[PDB]
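I have placed the structure first, in the form of structure tokens, so that the comments after it can refer back to it.
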Amino acid sequence: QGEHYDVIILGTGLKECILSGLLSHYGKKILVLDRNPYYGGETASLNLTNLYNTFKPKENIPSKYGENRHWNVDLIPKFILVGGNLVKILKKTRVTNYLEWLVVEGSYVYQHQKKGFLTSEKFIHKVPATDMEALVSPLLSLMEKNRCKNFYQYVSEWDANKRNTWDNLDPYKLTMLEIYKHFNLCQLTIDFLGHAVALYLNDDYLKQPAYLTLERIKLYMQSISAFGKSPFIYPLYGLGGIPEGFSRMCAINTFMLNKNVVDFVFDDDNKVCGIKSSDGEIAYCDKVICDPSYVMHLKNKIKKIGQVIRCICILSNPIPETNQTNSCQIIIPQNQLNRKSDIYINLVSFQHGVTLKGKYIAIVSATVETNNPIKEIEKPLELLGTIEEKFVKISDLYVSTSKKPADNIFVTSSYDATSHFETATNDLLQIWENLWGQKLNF
């Protein structure tokens with residue numbers, strides 16, 4: 001009798017949209033519903049009116065910021081690694097072409113260098129990604145430069161499946177730390193390699209087999225060649241083209257805003273079999289994918305693991321010491337700020353169609369470790385020069401309580417503090433694997 005779908009998806013956050021795209025691509029019958037009057041959920045894109053309504057509702061919008069059409073401010077701007085899986089997913093689903101991609105102009109890492117007699121105090125530095133960049137890197141002593149050049153040369157020719165490229169270092173038996181020690185790299189070198197090139201969140205990889213990390217370092221290095229300036233891209237007008245893109249694509253094989261779900265329907269074995277709205281709509285389904293906001297009434301679905309702070313800052317000029325770049329990423333390794341998790345800064349501007357020409361947006365993101373998260377981002381904010389306005393959002397971080405829920409309600413994790421997309425893609429890939437029992441193939 002009633003409407004029936006393979007999967008009903010609740011929320012139009014980026015992960016939900018991407019998963020909807022993949023389901024529609026592989027022939028599944030889906031319905032996508034969102035309580036909000038706009039797409040994007042926690043990853044929504046805001047114009048000026050909406051940025052101000054959301055964060056500064058008592059204030060007039062300054063005239064100097066001009067018209068709404070120039071502003072597309074992602075709440076959660078994550079850059080995308082050229083060689084990563086999101087790009088592969090967008091290719092497969094044929095959504096890539098609804099978007100225009102522009103390279104992020106630079107990649108920086110924080111390493112404090114104290115004022116000397118002939119050298120200024122420094123904080124952030126270009127991340128070297130070729131042998132030649134390493135030999136010339138201010139991150140490395142004269143000597144360490146040669147060593148890092150040798151390391152990059154090695155990785156550049158290294159192959160996980162060709163032993164004659166290993167120089168007798170077994171990457172399945174040796175740990176990454178043993179590989180570093182073979183090249184006699186120092187701790188600060190290890191710091192930026194692990195956090196800013198291999199793009200890890202912590203130093204657990206040091207004790208794991210080397211091949212995992214070599215592949216990632218090689219991937220970073222390969223990813224630059226596409227656009228040269230960095231291995232990261234971001235769409236013109238920001239990540240808001242993505243839900244639009246997927247809505248348009250899925251409609252071929254639909255998405256609905258302003259749809260207020262008020263209940264899950266469960267069968268006799270407590271497995272999801274449908275959803276109901278406040279407007280007396282019902283549909284049946286075999287599975288649900290949703291963000292944590294849709295399961296706040298349900299038992300043992302999500303676990304809070306912490307909070308994230310993001311501070312969106314309007315600047316008058318590029319970030320000092322980033323070579324006047326119109327877009328950039330700054331990775332701050334946790335040991336640099338005496339803390340237990342990294343801090344990240346993304347910068348975007350008129351280049352990516354997200355701000356008025358002459359204005360910039362820097363977004364500082366951190367995992368909350370203290371009673372006073374605003375204080376935790378004080379030093380990072382000092383990197384930005386004159387800040388015109390700040391828009392701060394602190395959010396709870398949830399993860400799902402199991403990878404393969406018996407009830408067939410698959411919950412996406414909250415977006416983490418990272419400035420790039422990998423961990424989001426990893427979560428949606430894990431959800432995909434467990435929906436159908438098979439990894440996505442590229």
Side-chain angles (χ1 to χ4, degrees), residues 14 40 42-48 50-52 54-55 64-82 84 86-87 99-109 124 126-127 196 227-245 309-332 343-356 358-366 377 380-381 383-393 415 417-422 424:
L14 291 174
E42 293 292 317
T43 50
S45 181
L46 292 53
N47 63 13
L48 273 176
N50 288 312
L51 185 66
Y52 269 76
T54 297
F55 289 94
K64 65 179 178 178
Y65 295 151
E67 288 173 293
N68 273 316
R69 69 200 174 79
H70 304 291
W71 298 84
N72 295 284
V73 180
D74 286 333
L75 291 172
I76 305 181
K78 284 167 178 278
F79 301 149
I80 295 157
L81 188 67
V82 170
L86 176 59
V87 167
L99 303 129
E100 203 161 337
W101 296 96
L102 296 159
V103 70
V104 172
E105 292 191 343
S107 314
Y108 293 78
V109 62
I124 63 180
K126 284 176 170 183
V127 175
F227 304 81
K229 301 201 169 67
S230 83
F232 301 95
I233 57 178
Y234 186 70
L236 184 60
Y237 312 125
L239 294 173
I242 293 177
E244 294 283 354
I309 180 167
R310 300 190 182 83
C311 187
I312 297 164
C313 308
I314 292 173
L315 313 181
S316 319
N317 285 298
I319 294 173
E321 317 307 325
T322 61
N323 298 285
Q324 297 298 105
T325 49
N326 289 317
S327 53
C328 67
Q329 180 172 215
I330 303 164
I331 295 170
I332 309 175
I343 296 181
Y344 312 83
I345 312 178
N346 280 347
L347 178 288
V348 288
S349 65
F350 178 72
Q351 177 212 350
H352 283 89
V354 294
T355 71
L356 188 72
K359 299 298 172 195
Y360 305 73
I361 287 287
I363 310 91
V364 178
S365 55
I377 64 166
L381 289 168
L383 300 169
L384 304 182
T386 298
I387 299 161
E388 300 187 359
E389 300 295 340
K390 287 171 194 178
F391 308 80
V392 179
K393 187 175 179 177
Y415 298 88
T418 60
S419 48
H420 46 86
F421 216 102
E422 183 196 352

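Along the sequence shown, the residues carry numbers beginning at 1.
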What distance separates [X] [atom1] from [Y] [atom2], expressed to the nearest 0.5 Å?
{"X": "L99", "Y": "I233", "atom1": "CG", "atom2": "CD1", "result": "9.5 Å"}
{"X": "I312", "Y": "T54", "atom1": "CD1", "atom2": "OG1", "result": "9.5 Å"}
{"X": "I361", "Y": "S349", "atom1": "CD1", "atom2": "OG", "result": "10.0 Å"}
{"X": "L383", "Y": "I330", "atom1": "CG", "atom2": "CD1", "result": "6.0 Å"}
{"X": "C313", "Y": "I377", "atom1": "SG", "atom2": "CD1", "result": "7.0 Å"}

Donor-acceptor pair, distance only, cut-off 3.5 Å: does the side chain of [X] make one with the backbone of [Y]?
{"X": "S365", "Y": "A417", "answer": "yes"}
{"X": "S327", "Y": "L347", "answer": "no"}
{"X": "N326", "Y": "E105", "answer": "no"}
{"X": "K126", "Y": "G106", "answer": "no"}
{"X": "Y415", "Y": "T43", "answer": "no"}
{"X": "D74", "Y": "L239", "answer": "yes"}
{"X": "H352", "Y": "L102", "answer": "yes"}
{"X": "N346", "Y": "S419", "answer": "yes"}
{"X": "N47", "Y": "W71", "answer": "no"}

Can you name the closest pair of heavy atoms from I345 and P380 and give their distance? CD1-O, 3.8 Å
Please name the pair of heavy atoms, one in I314 and one in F391, separated by the smallest distance, quoted to 0.1 Å. CD1-CE1, 3.7 Å
Please determine if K359 and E389 form a salt bridge, counting it only when a charged side-chain N lies under 4.0 Å from a carboxylate O. no
Using a cut-off of 6.0 Å, state whether more than 12 heavy atoms not belonging to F227 lie near its atom CZ. yes
Quick one: which of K393, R310, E42 gives a side chain to side chain contact (heavy atoms under 4.5 Å, CB included) with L75? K393
Given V348, which of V354, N72, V104 fulfils the side chain to side chain contact (heavy atoms under 4.5 Å, CB included) condition? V354
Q329-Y234 side chain donor-acceptor pair, cut-off 3.5 Å: no
Pairing residues for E100 by the salt bridge (charged side-chain N to carboxylate O under 4.0 Å, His left out) criterion, not counting sequence neighbours: none
Relative to the ring of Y65, is the ring of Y52 parallel (under 30°), tilted (30 to 60°) or perpendicular (over 60°)? tilted
So, using side chain to side chain contact (heavy atoms under 4.5 Å, CB included) as the criterion, who are the partners of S107 when residues are at least two apart? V127, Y220, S230, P231, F232
Pairwise side-chain contact, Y344 with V364, heavy-atom cut-off 4.5 Å (strictly under): no
